[PDB]
Each structure stands twice: as structure tokens, then as C-alpha cells.
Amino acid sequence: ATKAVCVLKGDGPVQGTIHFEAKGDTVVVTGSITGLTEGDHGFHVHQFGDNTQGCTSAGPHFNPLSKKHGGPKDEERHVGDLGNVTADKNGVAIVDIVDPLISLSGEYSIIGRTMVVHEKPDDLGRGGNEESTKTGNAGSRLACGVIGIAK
């Protein structure tokens, strides 16, 4: 199972297509998100691929190792913690990420789970309040999609 895709949709204008590819021992994340406000936006893999109640039903960040929230370069982070994507003034964010914790098969597989792009910047677990340790104070979910197997 080597390629996956995720189409992000929400109640507003934010949309995007994210691609995942197993390369070597890692996973390459690419694609783009449009309709975003300029600046940073939290970008995470949530535990469930449940869109029955919008992006809400996706639950907390994918966290099989029971850790606290952090940035993608931290030792202490959720498997789903891919940090921030950055939208330019035109509202476009180009995604290009390589991540050591997610996978497309087995225990760390994100197939069947939800990709979410947030309203605000992820403070990488350094905000100082309890919320930072769970979600990075990234706020509401602007758009999401279930990660599916791609050809």
C-alpha cells in the first residue's frame, strides 16, 4: 500500500488535495491547499475517518504512542502532528513534508484517518496552557478529508 490521497473539504472556501507516497523508509506528503488566510495553519492527522458530523467527528490527533502534542521535529509529539502549512497572500499553501512517524501500512498507518487543516497556527505544544499540549491552540477545522488508498 504505497500511495494515498486526501481531498480536503469544509463549510467554507478552503479546499485542497494532499498526496502521500511511501518512499524508501519514509512518507512524502505533497499537494496544496487554497482559500486560506495568509500565514500559518495547523495541519494534522486525526484519529478517525469519521465525517458524520463534519470535521468534528474525526476526533483527537492520531496518537498511538500516547504522547503530548508537539511540532513534527519534537521527540514528544502525536503521530498526527505535522505542524503548520503556510499560505501566501493569495491564500495558497504548498505542502511538501517528509515525516518519520506516519506510515501508509501497519500500526502507524494513516489510511482511513482524517487530514485536517486548521484556522490558526499550531504553537507546536509550546503555548503554555493545557490546550497547547492537546491541539497546539490551532483552533477549529477549516477543511478535512478521509485519507484513501490511491493508484
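Start at 1 and count along the sequence shown; that's the residue number. Here the rigid core means the biggest group of C-alpha atoms that line up within 1.5 Å when the two forms are laid on top of each other.
- Displacement analysis by core superposition in 5 other deposited structures of this protein ranks 19-27 above the other of 6-14 and 19-27 in root-mean-square C-alpha distance from the shown form.
- Stretches 56-64 and 100-108 differ in mean CA B factor, with 56-64 having the higher one.
- As the entry records it, the average C-alpha temperature factor is higher for 19-27, out of 130-138 and 19-27.
- Which of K89, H118, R113, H69 has the largest Cα B-factor in the deposited entry comes down to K89.
- Among the modelled residues of its chain, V45 has a C-alpha B-factor that falls in the lowest third according to the deposited record.
- Sorting the modelled residues of the chain by their CA temperature factor places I94 in the highest third.
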